[PDB]
Amino acid sequence: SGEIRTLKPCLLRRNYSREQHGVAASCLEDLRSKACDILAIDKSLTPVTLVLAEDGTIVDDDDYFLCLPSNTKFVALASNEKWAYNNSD
Amino acid sequence: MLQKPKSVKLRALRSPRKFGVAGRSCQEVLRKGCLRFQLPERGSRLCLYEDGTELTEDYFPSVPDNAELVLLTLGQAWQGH
């Protein structure tokens, strides 16, 4: 009972860096914390929300965060609310 | 957590926001996002997007695949046709 049982290595991103990042968390709350130290950011004092690069919807529950496969892309908006919103004409 | 979550993205009207959560428990999925929007029953009514006519937190309107419910709290019902 040392390693985690249901662990899913997902990929996160930063609002200032356009490159993709990678983290390892089983629950959203864990993805952020682990995504804060791995992301190596200094604006950690900002509440970074989570959204979907495909649907762009925020998931306040690990539901979708776990319903997805191991390889998944996510985005977190730092103090800069500049988020990517898609509008279907 | 569970081992069979359903894909059900949520939506809102007052503020332009959409909470996507795939929970296996119907009433649960809504009780969460719905409560996040801070909307009472009589004061605020939850409905679907396309029809938006009526939506009971009990179960979904024969729409298990996805449940795009848009929170609605006004004297009129939602009618996105």
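Values computed for the structure shown
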quantity	calculated
Meets criteria (farther than 18 Å from residue A:65 by Cβ, within 12 Å of the chain's Cα centre (by Cα) and part of a strand (DSSP E or B)) for residue B:63	no
Every residue from segment A:45-89 that is farther than 24 Å from residue B:29 by Cα, of a type in the set (D, E, K, R) and either surrounded by 18 or more Cβ atoms within 10 Å (Cβ to Cβ) or more than 13 Å from chain B (Cβ to nearest Cβ) (or both)	A:82, A:89
From the options B:39, B:13, B:46, B:35, residue that is within 25 Å of residue A:66 (Cα to Cα) and of a type outside the set (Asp, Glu)	B:35
Pairs, first over 12 Å from residue A:58 (Cβ atoms) in segment B:13-39, second of a type in the set (S, T, N, Q), C-beta under 6 Å, six or more apart	B:22/B:7; B:39/B:73
Scan of segment B:1-51 for residues that are aliphatic (A, V, I, L, M), more than 11 Å from chain A (Cβ to nearest Cβ) and either more than 13 Å from the chain's Cα centre (by Cα) or part of a strand (DSSP E or B) (or both), ordered by number	B:46, B:48
Candidates B:54, B:50 - the one that is touching a strand residue (DSSP E or B) at 6+ places or on another chain (Cβ under 7 Å), surrounded by fewer than 15 Cβ atoms within 10 Å (Cβ to Cβ) and not β-branched (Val, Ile, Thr)	B:54
All positions within segment A:32-42 that are part of a loop (DSSP other than H, G, I, E, B) and loosely packed, with under 14 Cβ neighbours inside 10 Å	A:40, A:42
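FYI, it's all coordinate maths here, none of it is from the lab. For neighbour counting, all protein chains shown are included, and Cβ atoms are generated from backbone atoms with ideal geometry for every residue, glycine included.
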